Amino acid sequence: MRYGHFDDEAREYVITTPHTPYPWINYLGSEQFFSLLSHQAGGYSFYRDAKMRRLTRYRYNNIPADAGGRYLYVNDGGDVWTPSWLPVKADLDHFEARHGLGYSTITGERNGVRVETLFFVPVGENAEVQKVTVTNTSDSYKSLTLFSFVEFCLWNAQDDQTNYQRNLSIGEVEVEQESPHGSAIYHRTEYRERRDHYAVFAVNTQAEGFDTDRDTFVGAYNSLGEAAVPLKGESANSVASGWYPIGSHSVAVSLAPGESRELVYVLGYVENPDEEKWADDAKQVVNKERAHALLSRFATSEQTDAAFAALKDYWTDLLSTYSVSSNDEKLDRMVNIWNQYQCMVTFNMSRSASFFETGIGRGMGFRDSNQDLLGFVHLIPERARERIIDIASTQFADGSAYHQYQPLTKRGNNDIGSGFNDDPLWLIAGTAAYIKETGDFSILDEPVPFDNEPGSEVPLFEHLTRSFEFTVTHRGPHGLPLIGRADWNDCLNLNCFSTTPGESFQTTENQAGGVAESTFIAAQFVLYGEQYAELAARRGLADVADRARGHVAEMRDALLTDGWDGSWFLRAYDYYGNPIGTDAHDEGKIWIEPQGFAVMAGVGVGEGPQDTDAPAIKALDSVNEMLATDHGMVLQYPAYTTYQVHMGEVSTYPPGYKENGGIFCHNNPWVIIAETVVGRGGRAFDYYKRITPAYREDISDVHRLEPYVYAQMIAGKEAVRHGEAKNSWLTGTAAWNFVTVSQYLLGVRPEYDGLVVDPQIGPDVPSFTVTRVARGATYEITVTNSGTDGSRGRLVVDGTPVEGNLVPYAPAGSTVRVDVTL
């Protein structure tokens, strides 16, 4: 079952009913001001910091879900309805919502009145704009009144929801019914004290009335769906004093048959320098100059239309670096549009706010910053370089990393600390990705401090050295890296030993020392230590590179012996040196992470897909038998049915959810890539479709969440809810899946010395063309594909056959045509 369809031409998802399985959202804003917006106009906006600068209030776990947002109550002769369906839930003759790139439109019609609203954050503005079009679709005259509505938040959302002892007495507003281009309301809570900012909520016409007090607009004992003011048919003109400020205007709208009217509403964020705060000598009236200027740039449909077209041009030009054309329009839409959009949004939003993440936490993982980079470095390489320098500057001098990074402050979280021993190597991963994409080896000479300490600067390359050496000097009894608090898997806490509720599994370590080791870090060391070695050699450090290849070699031996269970890689050794991820046990026999990543690193790979005695093939075959499902590969199997106190968070989930038997879409890509590595393209693409949004659209009633973006986790086979997704949008899944399909399935991936063209996608995509822009040139790669396991691409560059899979980088400006046959 579907609840809409894609519109590829318009680069939108078109939702054709209000009755989706869950609220489906979009993100607006591409610089500093962001909005979450559901297909029912739910959500909120904030400037930079969703915790400390939220303009508007939103309730998570509302009954029903998502029943606050930007509403427009229509009163047509005493019948009240909203085009967003919620909150009033009147029967509409028509409904559609379209989520596009940085905008959405929502349209509702009832009793001969159509209302369409376009919501977007314009480039260069800290504001959410709504262009509303009202149309009389009947054969008689209409007299309407439209009441806009938005509920303010008192800026700090944490305080807003908890400190009512103070904050029910601080709500303040100013009202401006005769504003230079219409009518406006200013929310200025705490402007009298330390805030240099306020919010403005305005419309570009004379409002017949206004309301700034929720309780007055909505009425006692009422829900938003039963708001009294709209039902009365006129604003109460209320002025807030404490309690709950809102922004609402009534606008009178008369229409002949077939007539329409346009209106432009603006919700804006405004900051004044300290010495320009006040309009008046007595300091009681906010200085609205900047607010009037913003409102003057959106006083007409014409100006609003142009901003929308500049928006569209931003995204069209943004997503013009990698594209594909094929027989598979599901593949194409994901690759060309929705996967790249999703990766940009993860850049912008980090892990801040979604309909699952509540916007109070402002950090993200160090490892997430680097990994997210892999997916967007082709779109915004200068922002990427900056990011890398930013996070490397927080790194400790011993090479250890802050586990949590705070993008807003460019600092590591001191409360959480360090100790997650996979963190340091991800910096090599990011840096190398950046350099391969851009060729900017100069980043390695950039002076970068440790723990942001002035005077401590060394070249970025040296930070790479400290990351590498950290692993070498932190190994256990079998030569595998010590795991510390956890590795990529935040729930594998082998030094925790917690029996007290409330204690954090990640940072509590009730016993010290121990010999706990991770095979994931081992694979990560083999993969990224080989990248560091390459950078070192290229840098001219011959010895450094050679010792590095030495430790890497040692680590691949360690993995194939002490890291190997017989038919798959162990997951770890625990605090007392007993194995985890062994068929010797009833539960947790096989874990996916090491299988994927170790093979990605080339460990155990033999002569080809038919070399079944190769450890890589045994492992991937074991993954197929034991972990694969119709909805993806689960994390481990069997799942644990009782608490394993020696293992931390992992067994606290019911079987089949999150880290205890969940499908993490973030780590499936590691096995998809591994499958292309050993030569089984068909299998790899199979696995990719099972977790990818365009292919899961036909089972929307099962996925539940948005059919146009990846989610973090799909319920596993041991769950009653097998197939249902949670934690949509903000996830590393986007990046890793883009890397997988663009670089390994389609096979186009930048190297230091050239573009590698190495497709492995199997028989389902017989013909396709990739257009890639790299180091200033365009590469048109046309591929004819038999899909045979083990068949690799032979290249013809500009008419002449070449050996190998590497296409040397052409001068900027040029166009290189590559033909590939396999």
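A residue's number is simply how far along the shown sequence it sits, counting from 1.
Asks: Select between 395-403 and 702-710 the stretch whose C-alpha atoms have the higher average B-factor in the entry.
Replies: Of 702-710 and 395-403, the stretch with the higher C-alpha B-factor average is 395-403.
Asks: Per the entry, where is the mean C-alpha temperature factor higher: 736-744 or 439-447?
Replies: Comparing averages over the C-alpha atoms only gives 439-447.
Asks: Which one of 389, 496, 635, 251 shows the top CA temperature factor in the record?
Replies: Among 389, 496, 635, 251, the highest C-alpha B-factor in the entry belongs to 496.
Asks: Highest Cα B-factor in the deposition, which of 99, 466, 631, 378?
Replies: The record points to 378.
Asks: By the record's CA B-factor, is residue 777 among the lowest, middle or highest third of residues in the chain?
Replies: Its C-alpha B-factor belongs to the highest third of this chain's values.
Asks: Taking the C-alpha B-factors as the PDB entry records them, is residue 305 in the lowest, middle or highest third of its chain?
Replies: Residue 305: CA B-factor falls in the lowest third of its chain.
Asks: Which third, lowest, middle or highest, does the CA B-factor of residue 769 fall in along this chain?
Replies: Answer is middle: the recorded C-alpha B-factor places it there.
Asks: Considering only modelled residues of the same chain, in which third does the CA B-factor of residue 794 rank: lowest, middle or highest?
Replies: Middle third by C-alpha B-factor.
Asks: Sorting the chain's CA B-factors, does residue 803 end up in the lowest, middle or highest third?
Replies: Highest third, going by the recorded CA B-factors of the chain.
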